[PDB]
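Peer 1:
4 protein chains.
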Amino acid sequence: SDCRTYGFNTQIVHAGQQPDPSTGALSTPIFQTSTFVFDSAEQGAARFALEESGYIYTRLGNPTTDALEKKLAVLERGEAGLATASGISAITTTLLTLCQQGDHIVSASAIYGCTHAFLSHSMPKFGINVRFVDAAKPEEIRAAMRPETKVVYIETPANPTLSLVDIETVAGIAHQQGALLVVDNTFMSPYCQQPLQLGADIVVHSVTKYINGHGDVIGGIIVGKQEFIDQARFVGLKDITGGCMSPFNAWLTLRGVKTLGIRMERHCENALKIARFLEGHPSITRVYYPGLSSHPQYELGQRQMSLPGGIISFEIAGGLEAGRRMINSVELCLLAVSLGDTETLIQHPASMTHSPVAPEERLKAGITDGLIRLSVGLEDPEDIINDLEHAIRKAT
Amino acid sequence: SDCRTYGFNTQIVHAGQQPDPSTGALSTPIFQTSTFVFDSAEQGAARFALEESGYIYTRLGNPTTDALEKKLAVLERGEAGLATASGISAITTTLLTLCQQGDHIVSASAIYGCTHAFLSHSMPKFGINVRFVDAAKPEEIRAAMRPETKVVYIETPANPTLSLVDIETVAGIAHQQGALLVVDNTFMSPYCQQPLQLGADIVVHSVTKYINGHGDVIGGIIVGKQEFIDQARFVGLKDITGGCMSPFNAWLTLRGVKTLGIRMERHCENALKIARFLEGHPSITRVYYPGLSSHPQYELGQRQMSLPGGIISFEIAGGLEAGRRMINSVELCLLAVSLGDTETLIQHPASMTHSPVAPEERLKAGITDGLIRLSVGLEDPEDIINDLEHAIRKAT
Amino acid sequence: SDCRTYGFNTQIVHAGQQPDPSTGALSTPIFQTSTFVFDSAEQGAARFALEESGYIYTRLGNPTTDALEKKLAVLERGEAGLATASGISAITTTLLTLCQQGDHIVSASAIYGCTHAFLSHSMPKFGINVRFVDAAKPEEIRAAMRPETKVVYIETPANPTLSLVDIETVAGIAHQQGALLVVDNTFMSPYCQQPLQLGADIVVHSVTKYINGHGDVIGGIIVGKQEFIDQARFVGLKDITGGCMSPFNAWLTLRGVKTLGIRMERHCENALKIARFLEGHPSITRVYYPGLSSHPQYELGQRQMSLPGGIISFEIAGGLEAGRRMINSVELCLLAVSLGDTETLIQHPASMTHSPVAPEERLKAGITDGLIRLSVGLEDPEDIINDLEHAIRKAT
Amino acid sequence: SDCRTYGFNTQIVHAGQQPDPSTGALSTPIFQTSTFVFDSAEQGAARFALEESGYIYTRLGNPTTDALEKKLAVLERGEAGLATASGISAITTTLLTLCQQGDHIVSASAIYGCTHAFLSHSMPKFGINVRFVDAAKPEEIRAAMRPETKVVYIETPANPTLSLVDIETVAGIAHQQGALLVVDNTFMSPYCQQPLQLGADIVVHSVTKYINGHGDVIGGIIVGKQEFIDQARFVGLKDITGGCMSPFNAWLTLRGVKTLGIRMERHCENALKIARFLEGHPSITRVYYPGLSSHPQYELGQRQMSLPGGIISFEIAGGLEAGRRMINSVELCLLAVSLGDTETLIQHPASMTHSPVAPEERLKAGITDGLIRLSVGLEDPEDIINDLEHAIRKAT
Ligand SMILES: Cc1ncc(COP(=O)(O)O)c(CNCC(=O)O)c1O
Ligand SMILES: Cc1ncc(COP(=O)(O)O)c(CNCC(=O)O)c1O
Ligand SMILES: Cc1ncc(COP(=O)(O)O)c(CNCC(=O)O)c1O
Ligand SMILES: Cc1ncc(COP(=O)(O)O)c(CNCC(=O)O)c1O
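Written out as structure tokens, the structure reads:
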């Protein structure tokens with residue numbers, strides 16, 4: 002019995018999971034319990050000093066959460082996993098585990114906004130400095146390293162613009178200089194990109210997105226070597242963020258992840274079609290999509306990703322006002338944040354998430370007035386395309 | 002329609018809750034969603050800049066979690082609430098919201114061990130110093146204050162020993178010197194003690210314990226003024242710990258809390274009886290219980306608590322080995338950590354949670370070799386007493 | 002280890018439940034699985050012929066549902082239990098298990114309306130006849146028996162009017178004449194009335210009401226001898242109604258039932274007060290409540306019930322229109338059906354559930370124009386009373 | 002806004018669902034409530050007489066269950082839907098709605114065993130007769146019709162052997178003679194076969210199988226004309242079986258069904274490969290699979306099914322003992338009943354479900370000693386094939 006051995010689809014379905022030993026129940030039971038019962042005083046002391054296995058209390062670990070963690074470790078080719086309340090909590094639990102006052106981080110600039118603020122306004126208040134670079138240009142990463150640099154942090158593709166970061170090249174710079182690479186692998190799952198295999202040390206995910214895939218879990222997951230994971234758990238989560246995952250949330254995300262392979266295939270085949278349509282459209286000025294040949298890092302993309310992903314950005318003819326009109330005129334696509342659910346979602350960070358954010362903040366930070374982000378769900382592409390077509394046509 | 006007005010039991014049942022407006026559904030629906038849908042671009046921008054109500058995304062807020070938060074705010078007489086993944090996350094989200102490098106905390110020594118470690122080994126790594134005092138002696142609290150002291154932190158009664166801390170007296174010292182009081186109100190719920198009414202600024206709870214009351218939720222809750230809560234939410238939780246609560250966990254804890262008044266009454270009436278039995282027992286050397294007249298702070302207890310609580314500590318004749326035997330000989334009482342569930346739980350932090358923790362660490366830190374902690378559940382007291390009687394008799 | 006031995010409160014908390022054997026998890030795990038895994042072909046054949054224990058498939062049985070079933074069997078002093086999708090399904094699964102075409106039932110007239118219709122319009126279509134009697138007059142029960150009478154069916158107290166049925170006296174008539182007694186014990190739980198101890202053969206409950214107690218489960222439970230239960234399960238449920246219970250619903254109802262003893266105590270102490278207030282009110286013409294001395298079967302009530310229950314009926318000065326006004330004027334009490342939740346619920350079967358049901362159907366069937374039914378929740382009685390007082394005053 | 006209009010994948014994702022109107026919550030909320038609250042007495046009377054919309058009480062209907070019901074109605078091209086506790090309860094609720102004593106049913110012989118027993122031993126006890134025919138030979142269906150025949154009942158493909166039934170041809174015989182056709186569409190979902198479009202009147206499903214697809218829900222669904230559905234609901238379910246569905250079970254099955262299109266595609270592409278491998282294997286004597294050209298009804302299959310399905314039966318060299326060995330020697334495939342989960346499941350109704358069922362009962366009833374049924378999950382086919390190959394090789 003070793004699940005690391007089977008093909009990747011078999012692993013998505015089976016790894017971390019086994020029928021319940023005392024009943025045969027095939028679905029992983031929801032161990033919705035806060036506490037666990039020891040059968041002896043000495044056994045309670047054994048477990049508590051970390052001297053024996055296994056369970057003590059849900060903040061510390063849980064058999065439902067354990068399966069999910071073993072699964073994701075397997076899919077990412079990591080040694081171990083640690084689930085968390087949110088993807089944000091996967092990132093902060095990681096970096097607050099790795100960092101004390103006086104340390105330095107080097108970060109991609111082109112990351113998720115809530116990650117940006119943690120690093121911008123919160124990290125330095127604990128005396129941990131962060132320097133921001135265009136991670137697409139790995140020399141910038143080298144140029145910002147310092148003796149106190151403990152961690153280099155990246156997302157690929159980069160949330161807003163779908164630019165890429167060469168992981169292997171970034172792995173070697175960070176390592177040469179004594180730092181760990183931490184890669185947020187959220188936009189791809191491990192079905193699409195495996196940063197650990199490229200030399201990264203830690204992978205984090207918002208399991209909220211594709212891994213759960215169903216738009217009803219907020220959660221995160223950390224994957225890395227056993228020694229780091231143990232600290233992330235017994236200190237970072239146990240003591241610092243306390244962002245542990247509900248066993249219900251674990252069990253939903255195990256449910257969600259069974260269909261990861263086939264949902265990724267369909268997300269990505271759908272998005273390719275939609276992107277090609279967007280490219281040919283006279284009212285669309287630019288399309289950002291790793292699967293379009295016109296993508297500046299297309300070849301990089303072809304080597305480190307099995308699939309170009311379910312996310313498309315694009316700019317519409319006429320900026321802010323046209324984008325507003327278009328986003329108000331979709332009938333199928335839903336106006337919401339988050340991504341990686343089975344429904345097609347659309348966001349206009351210009352008329353929307355960044356509207357009373359002064360025009361000059363915006364542009365510096367990769368966002369245009371016409372920029373629309375699409376999360377492509379599992380609908381028939383024709384239906385999405387016709388909805389897009391209608392609303393674009395409406396708006397220009 | 003104002004629920005702050007009704008009696009305390011009516012509030013436990015009703016406050017924060019109303020039948021679902023589009024259906025009439027009386028149970029608060031589980032909004033197990035990650036995302037929310039805006040009906041306009043401009044409405045999405047309104048909400049996002051904090052310019053209009055209400056929902057955007059579950060890490061930020063959720064209608065299920067909102068009810069629980071409004072309930073607990075009401076019961077504690079606070080302005081607002083913020084739920085969290087764990088009670089630990091309620092504490093760290095609070096103090097990491099209030100503290101940057103260079104700040105000082107003054108803390109009770111006699112607190113929950115995981116809180117102790119956060120303050121001992123983790124807080125100072127962000128350049129935040131913590132000084133530990135016997136909070137039972139409020140002069141010690143005064144004596145340790147500094148110009149950079151931002152927060153005073155206490156538990157009452159104090160987790161291990163059930164010693165008390167005079168909240169009103171501690172409120173005034175902390176305030177006189179420009180600091181906030183933060184009180185962990187976990188061992189009491191607000192049905193028993195309301196620290197905010199005594200002058201505390203922030204109350205935190207592990208809702209895992211009594212508030213949920215059913216041993217199947219890990220969760221926490223923060224209560225305080227709107228201005229602090231907004232920061233705890235939009236920065237501390239959104240950005241730093243990311244310890245948000247599953248809407249399922251919220252909905253269980255709303256379920257759990259309906260019966261808070263009657264479960265507290267029964268916990269406390271049961272525990273009083275058991276404590277009086279323990280007092281009269283020739284093989285029990287000491288009993289720690291706020292409702293026993295021999296309690297050193299009995300009068301303090303009588304003024305700041307409506308009820309003496311569901312927790313008893315006691316020492317058994319013969320130390321470590323007798324306590325081990327006793328704890329291995331109970332048949333009804335369950336050997337487990339946590340407290341405040343409907344089953345009677347018993348822990349022996351000597352033979353157990355602190356066994357390969359060298360004898361000298363232990364004693365300094367209030368723990369004796371014979372010390373047993375009982376969480377008294379909802380069983381018939383006679384049954385618990387006879388189980389206790391049998392096992393004590395076994396062990397000496 | 003035998004839970005039939007402890008006091009009744011200890012049993013409510015513990016019976017049917019034990020910590021999970023492979024993990025120690027104290028909360029009963031939710032085995033939300035459809036299927037179970039056998040470790041051998043021969044073991045799969047063993048279980049399937051009923052030749053060995055235990056689990057095969059959730060329609061047939063489940064470890065979560067099993068606990069609830071063992072609990073309720075214990076509390077009712079029955080041999081075994083069988084959970085169901087609804088209380089209606091507990092009744093039909095019972096009687097369709099016990100009855101073929103040509104059989105006869107004798108039933109109380111004063112039962113739940115949906116039960117009435119099953120017996121009125123549905124039972125006879127399968128060639129099973131039902132005769133309706135005032136079960137309050139046990140001679141009427143004797144007078145309607147026939148050689149083909151297989152079952153006598155009753156509710157006590159009787160849903161609408163809170164009249165009672167003498168179980169022991171009805172047990173002996175039914176038995177003398179070769180029939181089983183089936184008692185719907187829903188309005189009481191087993192904490193209040195134990196019909197099996199009085200000589201009844203089968204007890205059914207809508208666990209939707211008090212047993213779950215939290216207004217978020219639809220469910221039912223059957224309790225009786227092992228031999229009948231096995232048929233109810235392997236034929237009646239497996240083959241006929243197929244009304245099996247979700248393991249989630251089981252697990253909520255196990256959660257709900259932990260607090261049964263204390264919720265019943267509070268329901269009943271609250272209702273007593275409210276009933277006495279209603280009695281003294283000049284605008285209330287009649288009050289129906291087993292705990293009022295003016296109850297016609299008060300002594301019967303005193304002998305077969307530990308407590309008079311949480312349900313009050315009463316008539317208001319001025320009939321239909323006054324009752325409508327009153328029910329529209331309550332502010333705390335919620336206008337809804339069902340009963341036995343933690344919120345106080347109020348229904349006016351006159352202006353409401355039976356309004357376009359012609360005035361003459363109604364009166365025959367125990368209902369008056371002014372009749373209001375209150376399900377008394379866990380609010381402060383004073384608050385309920387003042388709400389009642391206000392609205393009554395409004396309405397007359 | 003009309004979802005009947007979009008392509009079939011768009012419908013799987015969207016139909017029956019819309020963001021929550023008072024919050025925007027994109028996931029359909031779990032309305033885990035027993036009861037609903039009316040805002041007026043008169044509105045409570047309106048709804049109750051069926052005079053206005055909408056909700057009254059979960060046994061009767063629920064907004065979570067409603068979505069699932071509207072979805073499945075849409076996917077099957079029916080007018081309405083009604084969810085149930087089990088697939089068995091979808092069938093009995095249907096036929097007990099349509100049948101009184103004296104009526105006749107004509108049924109396929111080759112159906113699910115639990116359906117068989119209901120019809121064999123239970124239906125006739127209510128004075129409802131059933132005649133069993135080889136539904137593969139539609140003349141046999143004609144030959145058994147009677148003046149009192151109300152319903153013809155079929156499964157296609159037929160659970161054990163995967164024989165087919167020509168729906169259109171059977172529709173016309175049943176209709177010509179004044180009967181309704183009822184088709185159990187469980188082995189296909191509506192993604193694969195739409196019996197209603199072929200002239201059937203009622204479709205039932207065990208949603209336990211493919212529709213939920215995740216092996217953690219027991220549930221069923223009825224689809225048909227509004228007039229029949231209303232009776233199935235307000236009488237058959239409300240009064241007779243009472244097999245209503247938990248809103249949690251509904252919400253899981255809505256979750257499960259989002260991925261129906263892609264899970265069916267993968268189930269069926271996987272199974273085709275495995276079947277072709279099984280065909281070429283010298284130790285496999287017979288393979289039953291609608292997608293193999295050697296299937297006797299291959300052309301029928303090609304016309305009424307979009308896809309040949311995820312189920313394979315086959316016989317192994319050497320009968321009972323070889324099948325036992327093989328089924329005990331699989332390492333990936335799980336030994337369990339049920340089908341249509343994401344894991345590959347295998348059953349040997351010879352050494353197993355029918356072992357102490359005397360050899361002569363068996364053979365009559367289509368089962369051979371060597372017969373193995375495979376439910377093909379979402380693993381890599383190569384992995385399943387190699388596991389099959391190994392175990393077959395083991396066993397012969
Ligand atoms: C790359 C990335 N990393 C982390 C997160 C944080 O995940 P949680 O919400 O679970 O804490 C997100 C969410 N980004 C939301 C999207 O841009 O709309 C993300 O896109
Ligand atoms: C007083 C107090 N505060 C905070 C916590 C932390 O709660 P969470 O486990 O939800 O993170 C605990 C738990 N103390 C466990 C008991 O001493 O066994 C506590 O007792
Ligand atoms: C006595 C009694 N028996 C059975 C039922 C049926 O229970 P389910 O709804 O779980 O199927 C009820 C519900 N009676 C609802 C009340 O009169 O408002 C009842 O009161
Ligand atoms: C065709 C068919 N119809 C109805 C059912 C009944 O479904 P429920 O278990 O939800 O009540 C089944 C289950 N048949 C199980 C399989 O043969 O292993 C079935 O295969």
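Residue numbers (the authors' numbering), protein chains in the order written: chain F, 2 to 397; chain C, 2 to 397; chain G, 2 to 397; chain Y, 2 to 397. Even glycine gets a Cβ: it sits at the ideal position worked out from N, Cα and C.
1) Quick check on C:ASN271: does DSSP put it in helix, strand or coil?
2) Can you pull the chain F neighbours of Y:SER28, defined as C-beta to C-beta under 8 Å?
3) Tell whether a beta-carbon distance below 7 Å holds between C:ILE203 and C:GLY225.
4) Rank G:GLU332, G:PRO357, G:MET353 and G:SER352 by C-alpha distance to the C-alpha of G:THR345 and give the top, closest one.
5) Hey, how far is the Cα of G:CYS245 from the Cα of G:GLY79?
6) Would you say the beta carbon of C:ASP217 is closer than 6 Å to some non-hydrogen atom of ligand 2?
7) Does the beta carbon of Y:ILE241 sit closer than 7 Å to a beta carbon anywhere in chain G?
8) What would DSSP say about F:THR98, mapped onto helix, strand or coil?
9) Give the range of the beta strand (DSSP E) segment to which Y:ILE393 is assigned.
10) Mind checking C:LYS138: buried by the 16 CB within 10 Å criterion, or exposed?
11) If we ignore side chains and look at the alpha-carbon of each, how far apart do C:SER2 and Y:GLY62 end up?
12) Check the Cβ of G:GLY25 against every Cβ in chain F and list those closer than 7 Å, keeping chain order.
13) Between the alpha carbons of G:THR157 and G:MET189, how many angstroms are there, rounded?
14) Let me make sure I understand the geometry here. Which of Y:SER247, Y:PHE127 and Y:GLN198 has the alpha-carbon closest to that of Y:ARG304?
15) What three-state label does DSSP hand G:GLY324 in the structure shown?
16) Give, in chain order, every residue of the stretch 87 to 110 of chain Y whose Cβ lies closer than 9 Å to some Cβ of chain F.
17) For ligand 4, any of its heavy atoms closer than 6 Å to the Cβ of F:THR98?
18) Under 6 Å: does the beta carbon of G:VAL236 sit that close to some heavy atom of ligand 4?
19) Can you list, in chain order, the residues of its chain with a C-beta nearer than 6 Å to that of F:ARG147? Leave out the 5 residues immediately preceding and following it.
20) For Y:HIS105, which residues does DSSP report across the bridge?
21) What are the complete alpha helix (DSSP H) segments, minimum 4 residues, inside the stretch 35 to 66 of chain Y?
22) Mind checking if Y:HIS349 is an interface residue toward chain G, Cβ cutoff 7 Å exclusive?
23) So what's C:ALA91 in DSSP terms, helix, strand or just coil?
24) Let me know the alpha helix (DSSP H) ranges lying completely inside the stretch 226 to 258 of chain C, each 4 residues or longer, listed in chain order.
25) In this structure, does DSSP put Y:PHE315 in helix, strand or coil?
26) Which residue or residues does DSSP assign as beta-bridge partners of C:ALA26?
27) Along the chain, where does the alpha helix (DSSP H) containing G:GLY200 start, and where does it finish?
Peer 2: To lay it out plainly:
1) Here C:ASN271 sits in helix by DSSP.
2) Result: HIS215, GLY216 and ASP217.
3) It is a contact, given that the beta carbons lie within the stated cut-off.
4) Nearest C-alpha to G:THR345: G:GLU332.
5) C-alpha of G:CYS245 to C-alpha of G:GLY79: approximately 20 Å in a straight line.
6) For C:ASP217, the CB stays at least 6 Å from every heavy atom of ligand 2.
7) Flagged as an interface residue toward chain G: Y:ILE241, by a C-beta distance shorter than 7 Å.
8) Here DSSP, grouped into helix, strand and coil, assigns F:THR98 to helix.
9) It is not in any beta strand (DSSP E) - Y:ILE393 instead sits in the alpha helix (DSSP H) that spans 382 to 396.
10) That one is exposed.
11) Answer to the nearest angstrom: the Cα atoms are 29 Å apart.
12) The contacting residues are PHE37, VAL38, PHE39 and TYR56.
13) Cα-Cα distance, rounded: 8 Å.
14) That would be Y:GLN198, whose Cα lies nearest to the Cα of Y:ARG304.
15) The answer is helix: DSSP assigns G:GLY324 an H, G or I state.
16) In summary, no residue of the stretch 87 to 110 of chain Y has a CB separated from any CB of chain F by less than 9 Å.
17) Not so, every heavy atom of ligand 4 lies at least 6 Å from the Cβ.
18) For G:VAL236, the shortest C-beta to heavy atom distance toward ligand 4 is 6 Å or greater.
19) Taking F:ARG147 as the centre and dropping the five residues before and after it, the same chain places the C-beta of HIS105 closer than 6 Å to its C-beta, in chain order.
20) Checking the DSSP bridge columns, you'll see Y:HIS105 partnered with Y:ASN130 and Y:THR150.
21) Whole alpha helix (DSSP H) segments, 4+ residues: 42 to 49.
22) For Y:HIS349, the answer is yes, since a Cβ of chain G falls inside 7 Å of its Cβ.
23) Residue state for C:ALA91 is assigned as helix, using DSSP reduced to three classes.
24) Fully enclosed alpha helix (DSSP H) runs of 4 or longer: 227 to 232 and 248 to 258.
25) When secondary structure is reduced to three states using DSSP, Y:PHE315 falls in the strand class.
26) Paired residues: Y:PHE37.
27) Looking at the DSSP string, G:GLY200 is not in any alpha helix (DSSP H), and its letter there is neither H nor E.
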